[PDB]
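J.: Protein chains in written order, with the working numbering: chain A, 1 to 370; chain B, 371 to 740; chain C, 741 to 860; chain D, 861 to 1239.
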Amino acid sequence: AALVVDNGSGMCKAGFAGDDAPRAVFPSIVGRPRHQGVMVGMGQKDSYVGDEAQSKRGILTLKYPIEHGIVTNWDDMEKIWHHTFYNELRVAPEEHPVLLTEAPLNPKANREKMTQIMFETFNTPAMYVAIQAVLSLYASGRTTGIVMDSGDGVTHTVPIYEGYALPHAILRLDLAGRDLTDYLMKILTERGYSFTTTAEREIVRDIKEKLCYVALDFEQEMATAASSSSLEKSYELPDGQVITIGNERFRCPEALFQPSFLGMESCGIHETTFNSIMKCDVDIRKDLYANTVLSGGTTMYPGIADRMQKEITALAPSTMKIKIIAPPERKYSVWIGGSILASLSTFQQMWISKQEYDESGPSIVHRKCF
Amino acid sequence: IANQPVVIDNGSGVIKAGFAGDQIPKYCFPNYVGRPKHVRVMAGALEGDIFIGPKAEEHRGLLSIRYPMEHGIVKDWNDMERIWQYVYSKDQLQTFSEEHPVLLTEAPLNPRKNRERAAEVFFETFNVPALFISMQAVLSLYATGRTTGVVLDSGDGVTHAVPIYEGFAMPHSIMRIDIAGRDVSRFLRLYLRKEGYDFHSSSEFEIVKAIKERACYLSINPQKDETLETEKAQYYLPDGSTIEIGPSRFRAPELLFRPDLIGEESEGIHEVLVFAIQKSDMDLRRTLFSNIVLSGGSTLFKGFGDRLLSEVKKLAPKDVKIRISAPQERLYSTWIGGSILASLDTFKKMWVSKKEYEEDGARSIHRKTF
Amino acid sequence: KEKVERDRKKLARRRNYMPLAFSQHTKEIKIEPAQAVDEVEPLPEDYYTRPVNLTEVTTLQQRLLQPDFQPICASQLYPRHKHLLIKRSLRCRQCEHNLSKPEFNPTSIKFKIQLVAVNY
Amino acid sequence: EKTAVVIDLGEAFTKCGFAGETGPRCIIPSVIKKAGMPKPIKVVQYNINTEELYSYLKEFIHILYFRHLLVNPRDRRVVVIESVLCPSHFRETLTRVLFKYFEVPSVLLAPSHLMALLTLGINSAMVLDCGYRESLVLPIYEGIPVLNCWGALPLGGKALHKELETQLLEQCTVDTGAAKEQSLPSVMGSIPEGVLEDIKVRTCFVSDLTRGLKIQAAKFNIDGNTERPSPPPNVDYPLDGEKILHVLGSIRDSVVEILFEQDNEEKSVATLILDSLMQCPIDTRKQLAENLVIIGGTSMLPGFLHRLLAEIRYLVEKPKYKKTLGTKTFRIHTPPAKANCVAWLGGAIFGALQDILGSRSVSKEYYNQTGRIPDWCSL
Ligand SMILES: Nc1ncnc2c1ncn2[C@@H]1O[C@H](COP(=O)(O)OP(=O)(O)OP(=O)(O)O)[C@@H](O)[C@H]1O
Ligand SMILES: Nc1ncnc2c1ncn2[C@@H]1O[C@H](COP(=O)(O)OP(=O)(O)O)[C@@H](O)[C@H]1O
Ligand SMILES: Nc1ncnc2c1ncn2[C@@H]1O[C@H](COP(=O)(O)OP(=O)(O)O)[C@@H](O)[C@H]1O
Ligand SMILES: [Zn+2]
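#1: Quick check: does the Cβ of residue 750 (chain C) come within less than 7 Å of any heavy atom belonging to ligand 1?
#2: What did DSSP end up calling residue 949 (chain D) once you bin it into helix, strand or coil?
#3: Per the DSSP calculation, residue 1104 (chain D) is bridged to which residue(s)?
#4: In its own chain, which residues sit with a C-beta less than 7 Å from the C-beta of residue 614 (chain B), not counting the 5 before and 5 after it?
#5: Starting from the Cα of residue 1021 (chain D), find the closest Cα among D:1005, D:1155 and D:1055 and give me that residue.
#6: Under 8 Å by Cβ, that's how I've got residue 969 (chain D) and residue 951 (chain D) pegged, so tell me the actual separation to the nearest angstrom.
#7: For a cutoff of 8 Å on Cβ pairs, would you count residue 548 (chain B) as touching chain D?
#8: Since residue 4 (chain A) contacts residue 17 (chain A) with CB under 8 Å, what's their CB separation in whole angstroms?
#9: Should residue 831 (chain C) be labelled buried (16 or more other beta-carbon atoms within 10 Å of its own) or exposed?
#10: Decide yes or no for the touch test of the segment 1225-1232 of chain D against the segment 997-1013 of chain D: beta carbon pairs closer than 8 Å, at least 3 of them.
#11: Identify, in the order they occur along the chain, each residue of the same chain with its Cβ nearer than 6 Å to the Cβ of residue 1119 (chain D), setting aside the five sequence neighbours on each side.
#12: Quick check: the Cα distance between residue 1078 (chain D) and residue 866 (chain D), rounded to an integer number of angstroms?
#13: When you check each C-beta in the segment 619-640 of chain B against every C-beta of chain A, which residues fall closer than 9 Å?
#14: Does any CB atom of chain D fall closer than 8 Å to the CB of residue 105 (chain A)?
#15: Who are the near neighbours of residue 962 (chain D) in its chain, counting only those whose CB is closer than 8 Å to its CB and skipping five residues on each side?
#16: If residue 203 (chain A) sits next to residue 195 (chain A), beta carbons under 8 Å apart, how far is it from one beta carbon to the other, in whole angstroms?
#17: Within the present structure, is the beta-carbon of residue 872 (chain D) separated from the nearest heavy atom of ligand 3 by less than 7 Å?
#18: Under the three-state reduction of DSSP, which class applies to residue 814 (chain C): helix, strand or coil?
#19: What residue does the alpha helix (DSSP H) around residue 588 (chain B) start on, and which one ends it?
#20: Going by C-alpha distance, which of B:531, B:626, B:664 and B:561 is nearest residue 589 (chain B)?
#21: Taking contact to mean 3 or more Cβ pairs, one atom from each stretch, closer than 8 Å, check whether the segment 110-127 of chain A and the segment 263-283 of chain A are in contact.
#22: Assuming residue 157 (chain A) and residue 146 (chain A) form a contact by the criterion Cβ under 8 Å, report the distance between their Cβ atoms to the nearest whole angstrom.
#23: Below 7 Å, is the gap between the Cβ of residue 991 (chain D) and the nearest heavy atom of ligand 3?
#24: Below 7 Å, is the gap between the Cβ of residue 834 (chain C) and the nearest heavy atom of ligand 4?
#25: Please say whether residue 294 (chain A) and residue 245 (chain A) have beta carbons closer to each other than 8 Å?
#26: Mapping DSSP to helix, strand and coil, what is residue 1008 (chain D)?
#27: Name the two residues that bound the continuous beta strand (DSSP E) containing residue 102 (chain A).
#28: Verify the contact flag: residue 1017 (chain D), CB atom, against every heavy atom of ligand 5, threshold strictly below 7 Å.
#29: Please check if any C-beta of chain C sits within less than 8 Å of the C-beta of residue 1166 (chain D).
#30: Pick out whichever of A:124, A:281 and A:133 has its Cα sitting closest to the Cα of residue 358 (chain A).
#31: Ligand 2 and residue 676 (chain B): does the residue's C-beta get closer than 7 Å to at least one heavy atom of that ligand?
#32: Is it the case that the Cβ atoms of residue 1137 (chain D) and residue 986 (chain D) are separated by a distance below 8 Å?
#33: Run down chain D in chain order and give the residues with a C-beta less than 8 Å from the C-beta of residue 792 (chain C).
#34: Helix, strand or coil, according to DSSP, for residue 1077 (chain D) in the structure here?
#35: Give the interface partners of residue 479 (chain B) over in chain A, defined as CB-CB distance under 8 Å, in chain order.
#36: Determine whether the beta carbon atoms of residue 712 (chain B) and residue 377 (chain B) lie at a separation below 8 Å.
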């Protein structure tokens, strides 16, 4: 009996260890109302969380507590974890030990303060923080190979060979789902359809998930988009109003492969995956090309795998065979790994206990992280 | 054609026209179409069903005001064509549009359909030699005569902050919010009804804009002025009747700096300025704080510069020099910039010829913009 | 529920323990909301081409005296029970008592404590 | 605790009674009969001196708490229903009267629109309030009034009463009873507001959209020869006993049209819902449209709800509202109490909640200390 709780910037995936898929999946947001001095009606919650805030988007100002895999407002994150254990999962945190997930190369204060809350506020019996990328490999039953776990908050590239990780080869890029969502708003505003508010940004994320797809040749796709209106698809908003996004459909996910569009002055998700493999030892490169995994929900774009293969193959040597690993459950790839890890009898020892926390302090986490 | 170019500012509130030779705009009239309020069947009433600028101001109470441009976007194009036709009337300028070339001043990050249709009208309806769409912010710097400078241009329709350093505008650091002078006029009408004076009519909305422009001071501390008993300064209406404004005077334009009070999800005028600087690169931040320029009519509020300086200082880093350099001609700054730009021999290269638009296509106007 | 939430929040502020978890934290009544009609009943075609007798329809004054279901027609308008009247007793700010009336004010012109400016 | 009293001070009529009741106990014209004055002065009057307003409200509240309701004012709480954007000095005075003179325990200044929503039970709904002075609309989404997307036009009782008086004076046909069997015009210079109100209620009705649209173009006479529908029969109304006013059939179905007339601006009682709904947040559109509420005594007028809902669906197809509000299903809520007494019923339902009332409501001890009533303006 143990709890796996993925603390993703976009969506918080929580559930019991051993189960196939996560029990409760809700958007990680806190909804505070745009209140005036006028008195409010009955059935009023001071701050709404998750699926409740997703229902009452109209009035509530949606504030994401985790920004680029860094917890900015801890009071907000506490209210999400309270919604996770007590309401969503229907379980006491004192009974079950809780596994959390942190992105690699995050600030040290993040891991420090995270565990402090779990030990003091919720009074958990044991707490282990893990790298999202390390878990994602277990999903595919692969010990060897690199992963390109692109989330809503961040995208990170962690090469692991024969159950041994290369820490110095790890590269983090701040370009992620929320930056693409923010980019899609700007180009939709250029077409005509203006989306400004926090509630409207959530509707633009629903537009992104459904329509947007990765093009094989961007320049070739822009030529077909100009000539014919075949790529132009219609989407119905919450309001009866319908919109035809056009070429901006395949223009949004292009930002992943060339950040110049967003204006970050950084390497693309294809180029960073190559650079990470080159930073590793020369011998093991072979297996990393052969076992390139794509994880998170930012790798569920239709035809990212095809475009990824093409771009890596061009950069990589001709003799090498480049196979991209795209399992059907990419969105729940971080959690399903956690469920496999927590269930294993070997992992029982690796848990950090309250007694261990009390004596040493919150600094113990940095030793027993990975 | 060598004959003098005609600058025209597309201000949502007030459109400012004139020749490039003039130091100031000779002809500047309100941007609204005036039709008779009662649907005219009979003779001896207001004939034509069109009253623009000074003719409208004379017979204002009889007519019904309808603004053609909202939030820096043209809603009714038929109305805007009549307005631009009145610019080339016997009343203002008194010239052929076919002879003189034109310069438009569209707000930043507007819809591309707005720019394309604006060009189509000025090339097809009027037989213009050449047209050039420009950004309102870039012009404001030419007027003042400095290359580096952030331009907080608070218009009637839209308030936007564009950072430009050494003649280089960062397009990602641009910030645009719809809460502008027109919204302040709308919110003042609500507070005037809370004082007990209704301005229900579209004509009666114009005198609320006059009340705002005459008497509305921005308090340095809003909470202290609320507790203090007001003088209740009397304003005289067109009919002759007096109205005591009282606390509505100062707590109306406050909604610029704090738009959450009414319940509008926006950043605020102090916030968009700071955010635009913070979004730009770290090296430039100090110079961009050291060079801020106020543009448009919604900066002329009494004690605006006093409040903004205080509200920017607390958000901005400690011990940083913040100079908010307002010109004396803030309202007419955007046009004077265009008048200087138009006069230069470089402008001859920048504009798009009528034959160029026929051959090249639609993109011609967009690609030459920058 | 709001009272319990407001009480729990207030005693936590009064305690000033910074929401210290000593113990474990955390039947429903559900009303169905009224169904919205697609089209409300139109004005009956009788109203067009029919003489209106002002005797049959009721005036505002007599309409509003029966507020629970103020009927347009006279045949619907039922007689309401007679309104009870009040027996006033005066008490001052500085002074306590001043004047009052008996317990049998019905068919009586006697004051329990007679006090008036003309009587001093 | 005692059952808290509910008062709702309006320009035409005031609703009064006790909390946890099916409807209001007393509903009466908001006036007072002062010695010397032949016509009684109106108790609520905006933009006058505070001392003169204080005396009128002191006189009125006294009549409500003794002649209409029979209960001690100091003993039990108050739930004052007043519309949003009610003038500052008026609301400040009304509270100051209740707290100083009557010495009430605590007053709760509820907005009429949010109270009207409670009566149905639905958490989110659009609320139109066609009153005496102004016909106001205010979207309420899940307990939060959206002041950003407010709307008001002077197309209520006062604007309708004035329109009736004007039309009657043009086609004036009275039988004085002094060789006045022949049509006699404007024997009386002005008609008293009490008569005009009684004519409006009994004689005048709201026409169908099809017939109404013809009436609009008919009286305009826009290059057409007698293109009006057949009016109802002329109704004879007694004035001050002997004088019998013959009301023309045209006046009955034309007087109402001033509310639903476009008048170039595109500003009717119908348009005000769609003007507000278009300005609302994009997520809230479909929920508010589906849950419409029509309160106010002006909407009691026979066949108003059918004309409004029809006029809405016609103005939807108009090119301005066709893009945003094109494929929306507008459905009206039928509240439990009558259209006049929806506002009051909410305050009573709220007044029955003794636990929440005491907390939200402003206590006298707070007012005596501070002297600052909380409002939707800045503090
Ligand atoms: N099918 C999809 N196609 C395209 N984009 C998607 C799709 N599903 C989700 N997204 C986008 O990618 C993000 C994926 O977030 P996800 O559910 O993987 O959680 P997360 O916060 O990224 O967690 P983690 O960092 O642990 O992977 C969403 O926020 C959304 O913006
Ligand atoms: N002296 C003034 N004081 C206060 N507000 C003013 C003053 N002059 C103009 N305004 C406001 O600013 C508006 C003018 O905006 P303007 O500068 O013409 O915009 P744009 O830059 O788009 O042309 C007016 O409609 C009014 O709301
Ligand atoms: N039962 C009714 N039938 C028809 N018209 C009514 C009825 N009750 C009131 N009215 C009219 O509608 C108006 C409603 O005003 P009301 O809502 O009571 O006032 P306020 O808006 O000041 O609160 C009255 O002035 C009257 O002209
Ligand atoms: Zn005494």
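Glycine is no exception: its CB is placed at the ideal position from the N, C-alpha and C atoms.
T.: According to the structure shown:
#1: In terms of side-chain proximity, the C-beta atom of residue 750 (chain C) is found no nearer than 7 Å to any non-hydrogen atom of ligand 1.
#2: Correct three-state label for residue 949 (chain D): helix.
#3: Partner(s): D:1035 and D:1098.
#4: Here the set comprises 602 and 604.
#5: For residue 1021 (chain D), the nearest C-alpha among the options comes from D:1055.
#6: Taking a contact as a CB-CB distance under 8 Å, the pair residue 969 (chain D) and residue 951 (chain D) counts as one, their CB atoms being some 7 Å apart.
#7: Not closer than 8 Å to any Cβ of chain D, the Cβ of residue 548 (chain B) fails to qualify, so no.
#8: Contact holds; Cβ gap of about 6 Å.
#9: Around the C-beta of residue 831 (chain C), fewer than 16 other C-beta atoms lie within 10 Å, and the residue is accordingly described as exposed.
#10: The segment 1225-1232 of chain D vs the segment 997-1013 of chain D: no contact.
#11: 1015 and 1129.
#12: Rounded to the nearest angstrom, the two C-alpha atoms are 46 Å apart.
#13: Result list: 630, 631, 632, 633, 634, 635 and 636.
#14: By this cut-off, residue 105 (chain A) is not an interface position.
#15: Cβ neighbours of residue 962 (chain D) beyond the five flanking positions: 921, 925, 933 and 934.
#16: About 7 Å; that satisfies the 8 Å criterion.
#17: Yes, Cβ of residue 872 (chain D) sits closer than 7 Å to a heavy atom of ligand 3.
#18: Residue 814 (chain C): coil per DSSP, three-state reduction.
#19: Note, residue 588 (chain B): premise wrong, no alpha helix (DSSP H); not H, not E.
#20: The shortest Cα separation from residue 589 (chain B) among B:531, B:626, B:664 and B:561 belongs to B:626.
#21: Verdict: no, contact absent.
#22: Yes, residue 157 (chain A) and residue 146 (chain A) are in contact; Cβ-Cβ is about 6 Å, under 8 Å.
#23: At least one heavy atom of ligand 3 is nearer than 7 Å to the Cβ of residue 991 (chain D), so yes.
#24: Because some heavy atom of ligand 4 lies under 7 Å away, the Cβ of residue 834 (chain C) counts as near it: yes.
#25: Contact: no.
#26: In this structure, residue 1008 (chain D) counts as helix in the three-state DSSP scheme.
#27: Taken as a continuous stretch (DSSP letters only), the beta strand (DSSP E) holding residue 102 (chain A) covers 98-102.
#28: The ligand content of the structure shown is limited to ligand 1, ligand 2, ligand 3 and ligand 4, which means ligand 5 is not among them.
#29: Taking Cβ atoms only, chain C reaches closer than 8 Å to residue 1166 (chain D), which makes this a yes.
#30: The candidate whose alpha carbon is nearest that of residue 358 (chain A) is A:124.
#31: At a threshold of 7 Å, residue 676 (chain B) does not count as near ligand 2, since its beta carbon sits no closer than that to any of the ligand's heavy atoms.
#32: Yes, the Cβ-Cβ distance between residue 1137 (chain D) and residue 986 (chain D) is below 8 Å.
#33: In chain order: 1062, 1063, 1092, 1093 and 1095.
#34: Helix.
#35: Around residue 479 (chain B), the beta-carbon contacts reaching into chain A at under 8 Å are 186, 189 and 190.
#36: Yes.
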